[PDB]
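Protein chains: 2
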Amino acid sequence: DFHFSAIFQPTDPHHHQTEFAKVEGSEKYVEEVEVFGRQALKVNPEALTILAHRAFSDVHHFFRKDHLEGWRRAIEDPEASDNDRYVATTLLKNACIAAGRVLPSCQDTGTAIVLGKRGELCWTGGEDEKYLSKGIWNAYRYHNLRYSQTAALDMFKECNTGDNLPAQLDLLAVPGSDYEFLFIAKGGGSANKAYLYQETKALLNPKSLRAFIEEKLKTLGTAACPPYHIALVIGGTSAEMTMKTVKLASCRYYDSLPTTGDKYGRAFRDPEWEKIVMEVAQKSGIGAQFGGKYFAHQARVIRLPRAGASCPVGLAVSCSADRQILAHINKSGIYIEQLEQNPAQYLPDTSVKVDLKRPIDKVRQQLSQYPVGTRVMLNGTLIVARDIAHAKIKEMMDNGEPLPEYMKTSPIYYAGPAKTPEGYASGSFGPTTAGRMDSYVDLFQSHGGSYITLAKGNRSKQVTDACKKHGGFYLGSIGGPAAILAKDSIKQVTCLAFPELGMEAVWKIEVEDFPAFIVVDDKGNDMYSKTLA
Amino acid sequence: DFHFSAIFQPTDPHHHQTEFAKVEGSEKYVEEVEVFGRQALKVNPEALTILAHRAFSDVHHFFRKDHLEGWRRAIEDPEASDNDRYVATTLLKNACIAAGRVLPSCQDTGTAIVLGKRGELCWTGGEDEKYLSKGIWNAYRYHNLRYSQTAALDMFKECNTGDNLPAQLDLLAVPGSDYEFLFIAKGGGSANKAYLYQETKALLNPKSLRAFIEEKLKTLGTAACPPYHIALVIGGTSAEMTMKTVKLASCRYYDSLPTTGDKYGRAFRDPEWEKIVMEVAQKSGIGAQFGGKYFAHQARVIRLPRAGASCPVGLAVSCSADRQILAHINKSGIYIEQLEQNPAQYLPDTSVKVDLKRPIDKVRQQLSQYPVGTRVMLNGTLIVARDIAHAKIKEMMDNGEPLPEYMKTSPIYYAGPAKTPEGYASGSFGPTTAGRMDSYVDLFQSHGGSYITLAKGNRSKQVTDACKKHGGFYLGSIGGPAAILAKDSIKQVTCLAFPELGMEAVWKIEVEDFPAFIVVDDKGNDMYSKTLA
Ligand code: SF4
Ligand code: SF4
Numbered sequence: 028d029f030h031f032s033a034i035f036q037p038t039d040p041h042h043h044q045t046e047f048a049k050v051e052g053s054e055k056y057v058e059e060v061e062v063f064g065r066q067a068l069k070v071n072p073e074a075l076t077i078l079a080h081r082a083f084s085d086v087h088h089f090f091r092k093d094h095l096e097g098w099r100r101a102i103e104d105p106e107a108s109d110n111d112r113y114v115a116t117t118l119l120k121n122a123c124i125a126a127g128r129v130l131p132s133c134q135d136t137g138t139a140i141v142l143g144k145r146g147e148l149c150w151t152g153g154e155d156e157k158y159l160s161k162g163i164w165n166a167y168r169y170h171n172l173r174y175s176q177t178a179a180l181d182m183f184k185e186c187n188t189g190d191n192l193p194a195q196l197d198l199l200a201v202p203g204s205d206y207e208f209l210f211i212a213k214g215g216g217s218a219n220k221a222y223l224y225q226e227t228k229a230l231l232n233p234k235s236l237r238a239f240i241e242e243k244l245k246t247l248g249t250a251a252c253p254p255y256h257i258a259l260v261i262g263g264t265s266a267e268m269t270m271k272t273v274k275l276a277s278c279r280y281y282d283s284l285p286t287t288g289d290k291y292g293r294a295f296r297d298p299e300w301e302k303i304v305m306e307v308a309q310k311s312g313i314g315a316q317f318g319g320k321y322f323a324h325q326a327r328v329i330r331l332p333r334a335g336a337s338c339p340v341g342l343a344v345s346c347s348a349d350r351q352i353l354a355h356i357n358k359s360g361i362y363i364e365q366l367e368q369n370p371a372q373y374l375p376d385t386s387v388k389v390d391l392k393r394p395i396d397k398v399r400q401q402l403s404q405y406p407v408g409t410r411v412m413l414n415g416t417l418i419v420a421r422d423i424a425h426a427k428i429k430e431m432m433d434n435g436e437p438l439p440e441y442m443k444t445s446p447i448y449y450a451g452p453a454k455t456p457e458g459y460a461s462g463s464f465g466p467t468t469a470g471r472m473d474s475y476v477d478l479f480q481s482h483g484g485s486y487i488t489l490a491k492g493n494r495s496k497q498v499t500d501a502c503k504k505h506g507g508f509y510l511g512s513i514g515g516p517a518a519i520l521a522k523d524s525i526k527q528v529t530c531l532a533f534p535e536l537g538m539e540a541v542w543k544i545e546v547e548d549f550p551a552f553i554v555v556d557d558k559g560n561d562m563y564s565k566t567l568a
Numbered sequence: 028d029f030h031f032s033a034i035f036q037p038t039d040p041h042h043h044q045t046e047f048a049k050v051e052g053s054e055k056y057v058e059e060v061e062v063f064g065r066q067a068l069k070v071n072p073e074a075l076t077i078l079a080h081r082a083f084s085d086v087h088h089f090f091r092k093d094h095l096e097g098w099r100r101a102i103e104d105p106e107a108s109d110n111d112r113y114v115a116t117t118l119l120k121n122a123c124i125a126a127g128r129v130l131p132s133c134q135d136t137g138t139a140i141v142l143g144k145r146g147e148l149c150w151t152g153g154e155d156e157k158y159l160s161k162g163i164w165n166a167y168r169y170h171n172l173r174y175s176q177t178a179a180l181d182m183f184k185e186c187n188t189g190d191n192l193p194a195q196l197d198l199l200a201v202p203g204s205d206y207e208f209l210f211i212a213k214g215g216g217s218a219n220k221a222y223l224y225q226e227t228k229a230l231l232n233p234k235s236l237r238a239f240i241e242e243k244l245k246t247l248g249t250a251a252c253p254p255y256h257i258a259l260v261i262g263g264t265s266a267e268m269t270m271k272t273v274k275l276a277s278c279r280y281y282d283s284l285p286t287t288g289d290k291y292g293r294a295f296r297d298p299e300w301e302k303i304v305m306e307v308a309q310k311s312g313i314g315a316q317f318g319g320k321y322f323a324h325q326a327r328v329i330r331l332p333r334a335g336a337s338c339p340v341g342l343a344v345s346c347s348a349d350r351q352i353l354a355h356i357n358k359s360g361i362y363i364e365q366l367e368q369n370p371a372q373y374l375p376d385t386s387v388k389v390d391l392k393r394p395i396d397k398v399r400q401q402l403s404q405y406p407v408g409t410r411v412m413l414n415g416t417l418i419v420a421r422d423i424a425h426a427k428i429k430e431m432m433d434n435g436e437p438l439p440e441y442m443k444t445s446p447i448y449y450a451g452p453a454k455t456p457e458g459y460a461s462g463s464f465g466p467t468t469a470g471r472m473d474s475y476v477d478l479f480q481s482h483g484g485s486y487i488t489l490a491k492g493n494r495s496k497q498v499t500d501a502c503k504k505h506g507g508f509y510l511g512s513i514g515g516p517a518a519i520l521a522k523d524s525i526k527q528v529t530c531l532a533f534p535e536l537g538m539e540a541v542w543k544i545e546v547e548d549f550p551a552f553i554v555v556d557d558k559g560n561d562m563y564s565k566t567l568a
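From first to last, the protein sequence lines are chains A and B.
If you use the authors' numbering, the first sequence corresponds to residues 28 to 376, 385 to 568, in order.
If you use the authors' numbering, the second sequence corresponds to residues 28 to 376, 385 to 568, in order.
Okay, structure coming up:
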């Protein structure tokens, strides 16, 4: 016989376990009507603008409960290292600064990703993408966020869009008369740690699957600001269907899934292997960015059906800028997920001063006296440059032009600033993944620059070779707390070169008491070699 | 100050360049009505069953023009190798056998993928997925197709579903009153060659991108039945958005895109780099499965916007079972893409006999006298076993049980048969990707079995090592032509062990004049080591 069985069978398909708050007066944009015997809902498209505006505004200032609980868990656990409690407190204190509705929680305000489920009898006019984008356009223009989207004029010529557009508008056709949503402010670092592996039947056994998890979790590293929300998907009907599942699973969108499969190949969570992923994360010693136990907040494992020959595997994380918001529109109005507004209640209840107001050769001498893992406090001037800045500088040296003088005077800060609020010295200004500028380290160091670099995440072995060769260093900043570094450490920000690039321009900043860890010294040591071998 | 710009702006968004055919009397399933001043369309949900039925039935017997043109181009091109013209003729002859509406073009009838775009005012009742699944359920139940889906009862315990369900129903919400579709019969092998790479700005330059394409195209190998439809996507708003684009790009779904970018980051095809991908494919010498020029039919390259920190890259192919069908439902009725029904017009106007009815050691002696690249014709008995059959045998040997004697008598054929037509000796019965059973070659050969293996695609270096140690061989069949091997070569099919596995049971077949190439000999030679180094 025939029996239809949906792949995803969530016992809470409308997310009732989430607390919502209705926008004041939002019932003027909806009207319940009846057509041909069926109840419909007439939605003013201006409601989609309001919803995307409020969603992509508040999500950069508040977090969910399960995200804040994980930070408190890293502080109150006796088994957490001193670095775990240090990073967890720095992020929680950063979460309190962001709650002021002025600074975003992280400088990477991220890509706007909208998963919309429009009912068959939910009528908006059809221009949902135009109206949702306008709400997103207001969120990033009129608030101290950052334009992070890069348009391609051809295959290689790029420019910023100036409005954090386009967005990923994944609008689906679902039954009913409502309009359910899921807004995601996916950061760049956590989006780059969405890995796709094509596997076989040989993987599907407890011995090989655990070894797979042990092997692949190390590839995440600390380049996406742990503690993570590790998501793992085994199987799938296609590569994109697996990567979409692991993306939503990282947002706890599929938590209501069953925990047992049937003869119809339904999706299900496997809590047994969720605990196994957490055991591998804790035993790894990678910890919260700088060694410890709390490498991950929690794990979600989903087992999907597969073809007899195919077995794709998805692995993705949610960074410390865990930014998702559930929402829906019905006859009552616009309801949007309520996020925790008082993060201070989750807060319970050894450093070395380094001044960069010297010749950089004198700063290099001081850093050489301390081993990897030493906590340092930078006080001086930094030169900020990232992906596009490094790419242009290399093209100058390939045309005979010299290495610019700003690359040699001060340490290099891999960072991209958000917009500065009125009356503030600097907007959110946190570090960026260092590993993306690894191919420029040896080249720039052999030309008398980039001796000291300040960023976030583990770097490749070629960088340690270049540092032990040219006598350089790599300082590892706490990745994540961009708001507290703006209101405390950074005192002055000035543009230096390439103002056409927006965030990715060359900046000169003056910092005070900037926390960082010595990750790579001039002797060939890497503080991540023990845990990320 | 605000301007909305969709990412994908195809100049032919309704696919007018495609030839459609109206189902007779299909206008009885639609009724055009007007509500609140806007014209809507009421669609009987039974129309989705009829549409999915005809789509997933006819697509397994006919191909598009550009796929058949690539085969003819591989025969008449002077620069095509003798093996290119041999494989291209074998596939063309297979398309004519499949055109008989009895045998499917390939034994892997694939996963049913449905991309539906339901209009805002297109009313079907909401149960679109239930009715679409029934149409797919009828296509694979009542036609000589194959149940290829594997349900997971838990994390490791698996069983077949018996109906090639579930499907991937990606139903989107689009403006209007129509219902546009794209049906895909995505095979397992080509779905496993959908690769995701997370890259950086360092890749975005002509020197690095060319080296990237050269390096990554070799990793595809021949395990997905070339000539390919190579699709490459640079950038994207997320990993799943990149992998979805490269799949649709492989189906020529985005051919109508512009060829230039703007300050708004719209998607566009880059024909310049499409020719560069074609130049890399032809100059690679990989050719149509066994060395030559036609490694790919054509290339599609799409440049997507990206975040300043993100740069995902998608690479996927469409195998020789290029199976996609466009369709839509409007006030006129049900329209479905017209595929070429007479493929013979595309066909323009010494082998080594090997007898397998001997001791397998005597067959090994004969094959040892010939080098790699020798084309052989198998005449005897083969033992058919695949992913789950190999997996169960290994767990038996891990419990102390011996390697079953049927693994030692005859060569092992990595294949999974489709359903047998009434009065036919065997349904479509082509080879599967060999590289997925590579971990069993050395183990099984040390127990006196699996000395000769017959499948498709290049294998890992551990297989070449195991052959020079245990004196084994690996014959590479022409991957793709499953229909012509059923009506000509295969004479009898009998189940031998593990009938619980359905398709993936252990089969004993008697073939006659089975074409194959000696890929790995007992001396450490690999005919793919030169092109896939
Ligand atoms: S810098 Fe860290 S917290 Fe911010 S978006 Fe990137 S990975 Fe997430
Ligand atoms: S066997 Fe070859 S042609 Fe058939 S589905 Fe697999 S890759 Fe495609």
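Virtual Cβ for every residue (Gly too), placed ideally from N, Cα, C.
Just to confirm my understanding: we take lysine 220 of chain B, look at its own chain, exclude 5 residues before and 5 after, and list those with CB closer than 6 angstroms. What are they? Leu247, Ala251, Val344
Hey, could you find the ends of the alpha helix (DSSP H) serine 277 of chain B is sitting in? 266-277
In terms of DSSP beta bridges, what is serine 512 of chain B paired with? B/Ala551
Is DSSP giving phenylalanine 47 of chain A helix, strand or coil here? strand
Going by DSSP, name the residue or residues bridged to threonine 416 of chain A. According to DSSP, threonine 416 of chain A bridges with A/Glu545.
For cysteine 133 of chain B, is the beta carbon positioned less than 7 angstroms from some heavy atom of ligand 4? With respect to small molecules bound, the structure shown includes ligand 1 and ligand 2 and not ligand 4.
Pick from A/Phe35, A/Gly137, A/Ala125, A/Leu78: whose alpha carbon is nearest that of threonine 467 of chain A? A/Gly137
Among residues of its own chain, excluding the 5 on either side of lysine 392 of chain A, which ones have a beta-carbon nearer than 8 angstroms to its beta-carbon? Excluding sequence neighbours, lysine 392 of chain A sits near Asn414, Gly415, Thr416.
Under 8 angstroms between C-beta atoms of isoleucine 34 of chain A and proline 332 of chain B: In this structure, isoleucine 34 of chain A lies away from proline 332 of chain B, with their beta-carbon atoms at least 8 angstroms apart.
Which same chain residues, not among the five before or five after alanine 518 of chain B, have their C-beta less than 7 angstroms away from its C-beta? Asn121, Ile124, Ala125, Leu130, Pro131, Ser132, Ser463
Secondary structure at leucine 236 of chain A, three-state DSSP: helix, strand or coil? helix
Return yes when the C-beta of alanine 251 of chain B is under 7 angstroms from any heavy atom of ligand 2, and no when it is not. yes
Since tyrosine 291 of chain A meets chain B, which of its residues come closer than 8 angstroms, beta carbon to beta carbon? What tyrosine 291 of chain A touches in chain B: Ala178, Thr188, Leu192, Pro193.
7 angstroms Cβ cut-off: residues of chain A touching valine 411 of chain B: Those within 7 angstroms of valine 411 of chain B in chain A number zero; the least Cβ separation is about 25 angstroms.
When the Cα atoms are used, what is the spatial distance from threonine 116 of chain B to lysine 161 of chain A? Rounded to whole angstroms, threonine 116 of chain B and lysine 161 of chain A show a C-alpha spacing of 54 angstroms.
So, with DSSP's three-state summary, where would you put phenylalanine 83 of chain B? helix
Within 8 angstroms of any Cβ in chain A, is that where the Cβ of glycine 216 of chain B sits? So yes, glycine 216 of chain B belongs to the interface.
Look at the alpha carbon of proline 534 of chain A and the alpha carbon of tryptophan 542 of chain A, and state the distance between them as a whole number of angstroms. 9 angstroms
For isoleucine 261 of chain A, list the residues DSSP reports as bridge partners. A/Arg330, A/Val340
Cα-Cα, which of A/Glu147, A/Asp135, A/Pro254 is closest to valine 62 of chain A? A/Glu147
Whose C-beta lies closer than 8 angstroms to the C-beta of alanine 354 of chain A among residues of the same chain, with five residues either side of it excluded? The residues are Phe47, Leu78, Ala82, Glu207, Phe208, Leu209, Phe210, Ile361, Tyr362, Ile363, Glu364.
Who are the neighbours of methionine 305 of chain A on chain B, taking C-beta pairs under 8 angstroms? Under the 8 angstroms cutoff, chain B gives no residues; its nearest Cβ is about 16 angstroms from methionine 305 of chain A.
Are there 16 or more other CB atoms within 10 angstroms of the CB of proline 375 of chain A, so buried, or fewer, so exposed? So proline 375 of chain A ends up on the exposed side.
So, helix, strand or coil for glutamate 430 of chain A, using DSSP? DSSP places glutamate 430 of chain A in helix when its eight states are reduced to three.
Would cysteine 346 of chain B and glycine 216 of chain B be called neighbours here (beta carbons separated by less than 8 angstroms)? yes
Helix, strand or coil: which one does DSSP assign to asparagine 187 of chain A? strand
Let me see if you follow: with CB-CB separation under 8 angstroms, is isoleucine 423 of chain A close to chain B or not? At a cut-off of 8 angstroms, the C-beta of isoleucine 423 of chain A has a neighbouring C-beta in chain B.
Extract the residue ranges of the alpha helix (DSSP H) inside the stretch 68-156 of chain A, only unbroken runs of 4 or more that lie entirely within it. Fully enclosed alpha helix (DSSP H) runs of 4 or longer: 73-85, 92-103, 109-125.
Measure from the C-beta of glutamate 545 of chain A to each C-beta in chain B and report whether the shortest distance is under 8 angstroms. no
Counted within 10 angstroms of its Cβ, other Cβ atoms place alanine 371 of chain B as buried (16 or more) or exposed: Flag for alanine 371 of chain B reads exposed.
Since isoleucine 356 of chain A meets chain B, which of its residues come closer than 7 angstroms, beta carbon to beta carbon? Ordered by position in chain B, no residue passes the 7 angstroms Cβ test against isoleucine 356 of chain A, which lies about 13 angstroms from the chain.
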